[PDB]
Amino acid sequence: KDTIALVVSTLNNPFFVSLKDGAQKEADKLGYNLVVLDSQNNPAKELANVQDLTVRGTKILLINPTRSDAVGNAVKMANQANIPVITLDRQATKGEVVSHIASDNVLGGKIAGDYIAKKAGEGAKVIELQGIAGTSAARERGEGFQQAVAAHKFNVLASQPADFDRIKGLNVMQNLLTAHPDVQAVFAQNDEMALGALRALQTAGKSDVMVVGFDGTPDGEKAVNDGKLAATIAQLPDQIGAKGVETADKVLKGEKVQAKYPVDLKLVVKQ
């Protein structure tokens, strides 16, 4: 069997273990042998991992960077050895990458909007709490949410940035509540902003307003479990790993692949 190499940022966290497990599972399915090197969250260890792989003549490199800005030299070493690079979750600031695989933020915003339409119905009155202006997260999530607005003809009462921060989310929500008391649902572009908004609604005595967050952070999860937050959107690490291998399979075969492959996210509701 041919070998696919995965350099993972770390293995000290469940998210990264799942990524490795999904890669492994897809490797087994497609008949490949998977080499896994743990960078231990250290950029020096990451560089040495790639170097180690280049001396052995690995055919493809799947790399989940420790930090986007730290990985460039490791990527260029792979480029110099003619070893195709595929990045997972975080991009490489520098270096040539054949394909990048990550959670689709546009799809995520759309999912959040589809869920608002599911529970609050077509044409609902909504408020969007946006993230830091200029970030890819705020832009993509807002883009996905706009698709939902167009698909479900939502009445967007307001859309204001709260810069991915809890306190600003609360203040902005409190402000917009005085202006639009008939708001039916809120799409907050991160869990922190969703939690701030929930506090504002709680203080105002409005528990009927359906709030959807994004990230699936422990606190966002907690808000869902406690029955306060309607939903949050979580990344699927196993599938990033899987899509990575699937794309590596195509690259190894000589197929011309896309620069980016979107990975689904899942809705997280109370159980």
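So that there is no doubt, residue numbering starts at 1 and follows the sequence shown.
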Going by the B-factors listed in the PDB entry, is the mean over the C-alpha atoms higher for 251 to 259 or for 15 to 23? 251 to 259
For the stretches 105 to 113 and 144 to 152, which has the higher mean C-alpha B-factor as given in the deposited record? 144 to 152
From the entry's CA B-factor values, the highest among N41, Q239, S68, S207 is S207
By the entry's C-alpha temperature factors, tell me which of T217, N49, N33, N225 sits highest. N33
Compared with the other modelled residues in the chain, in which third is the CA B-factor of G57? highest
Can you work out whether the C-alpha temperature factor of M193 puts it in the lowest, middle or highest third of the chain? lowest
CA B-factor ranking of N64, expressed as a third of its chain: lowest
For the chain shown, is the CA B-factor of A92 in the lowest, middle or highest third of its modelled residues? middle
Pull the Cα B-factor of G131 out of the PDB entry and bin it into the chain's lowest, middle or highest third. middle
